[PDB]
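Remarks on the structure that follows.
Chains as they are written, first to last, in our numbering: chain A, 1 to 147; chain B, 1001 to 1149; chain C, 2001 to 2149.
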């Protein structure tokens, strides 16, 4: 048992969406987030269902269905684009009514730090390290079954 | 005959008496006229009103009915909408698992080959050096020969 | 004689035509009266109705508001599931197709190299033998070197 089903949202193309390509070593794992707006990978650490989403794509009524169950959540944006950032604001808004505000959320793209502390949530950068970025969340995700 | 004569005389006294009373009572109705005219009107209205209400009520009964169905339906809709929103979380997992693997598998079957090629490619290079060496080893003596003897 | 009767009869029929005439009006006063007595208690039962009815009106409204509202809700949910299902058919049909394609392209790419690892698994064994001959041309041209005893 012990499977931490996470849910990334706002992934930005094969540049950042590869976030799972980054989190997962498997080079034989196809990546549909490119064409199809979403993807479904799974890795093991110490299980982790990871529904990666870019938000803007037909299966919105489904990505939503992901919310009604996510244990962790990362809101992401691309740096080389002030457009993505703009969405971020909206993103958290979505995560609210639909998903659960009780489950560990997280934002990750010295400026963004601003809107970073404006939501009471951790924060990092488009580093590319990353392997430890899920270590964090997850670590806190476990620092949740303490009650 | 004095017989009837009296009668007539009497049937003319009583007659006259009536004209008197009637003249009064009929004079009283003339007083109540308007006062009653404006009671009937009310009465007419009151009645008409009594009907529209007798109708609005039938209608209210009718809507309670209709709003009761609609609810016993919005509820079922909202139901399937959810019962079938649960099954989703799963479906898509499989959809994605089989797919992913499916691909992965193929991609490995290429990788395997990919390797063997690199192998032979060099497992070749090797042999090819020995050969471009022996060929020189000979070349060099076949010169020492055509010199000495 | 057969004349004073006429006067006599008439005097009576006439007399009657008034006993009646008046007797009627007599009624049309007692009722009309009672009536003007309930003009009071009436207005009340009328005003006391000019509301009770109005009330219904208002009820009838809200009922529509409500049914409506309910029908919207039904709908949203009745079409929350339409969209979902519709959305699953897509994902499915896309996911696989793109999967299916990815898998091909490898098999295709794999088949290429699949070949080269033959055009060489060959070219290799070939030189393997073109070796021995050169390998022998030595031992042999080495003996023709051990001539002078």
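For each residue, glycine too, the CB sits at the ideal point set by N, CA and C.
If you look at residue 8 of chain A, you'll find it in the beta strand (DSSP E) that goes 6–9. The CB of residue 1137 of chain B comes closer than 8 Å to the CB of 2138 in chain C, given here in chain order. Of the residues A/83, A/50, A/82, A/77, the one whose Cα lies closest to the Cα of residue 67 of chain A is A/50. Between residue 1120 of chain B and residue 2117 of chain C, the CB-CB gap stays under 8 Å. Straight-line spacing of the CA atoms in residue 82 of chain A and residue 20 of chain A works out to 22 Å. At a Cβ-Cβ threshold of 8 Å, residue 84 of chain A and residue 12 of chain A count as neighbours. Looking at the DSSP output, residue 49 of chain A shares a beta bridge with A/42. Between the alpha carbons of residue 1049 of chain B and residue 64 of chain A lies a gap of roughly 55 Å. Within the stretch 2068–2100 of chain C, contact with chain A at the beta-carbon level (separation under 8 Å) is assigned to 2080, 2083, 2084, 2087, 2088, 2090, 2091, 2094, 2095, 2098, 2099.
For residue 2040 of chain C, not one C-beta of chain B is nearer than 8 Å to its own C-beta. Looking at A/114, A/22, A/29, the one whose alpha-carbon comes closest to that of residue 2106 of chain C is A/29.
About 7 Å separates the beta carbon of residue 1056 of chain B from that of residue 2053 of chain C, a gap short enough to meet the 8 Å contact definition. Residues of the stretch 55–83 of chain A that bring their beta carbon within less than 7 Å of a beta carbon in chain B comprise 62, 65, 69, in sequence order. The alpha helix (DSSP H) runs lying completely inside the stretch 75–130 of chain A and spanning 4 residues or more are 82–97, 113–117, given in chain order. With a beta-carbon spacing of about 6 Å, residue 109 of chain A and residue 79 of chain A fall inside the 8 Å limit used to define contacts.
Here DSSP, grouped into helix, strand and coil, assigns residue 3 of chain A to coil. Rounded to whole angstroms, the gap between the alpha carbons of residue 1098 of chain B and residue 2131 of chain C is 50 Å.
Among the CB atoms of chain A, none fall inside 8 Å of the CB of residue 1112 of chain B. In the displayed model, residue 2009 of chain C falls within a helix according to three-state DSSP. Counting the other Cβ atoms within 10 Å of the Cβ of residue 1144 of chain B gives fewer than 16, which makes it exposed. In this structure the stretch 1026–1037 of chain B does not touch the stretch 107–126 of chain A; the number of beta carbon pairs closer than 8 Å is below three.
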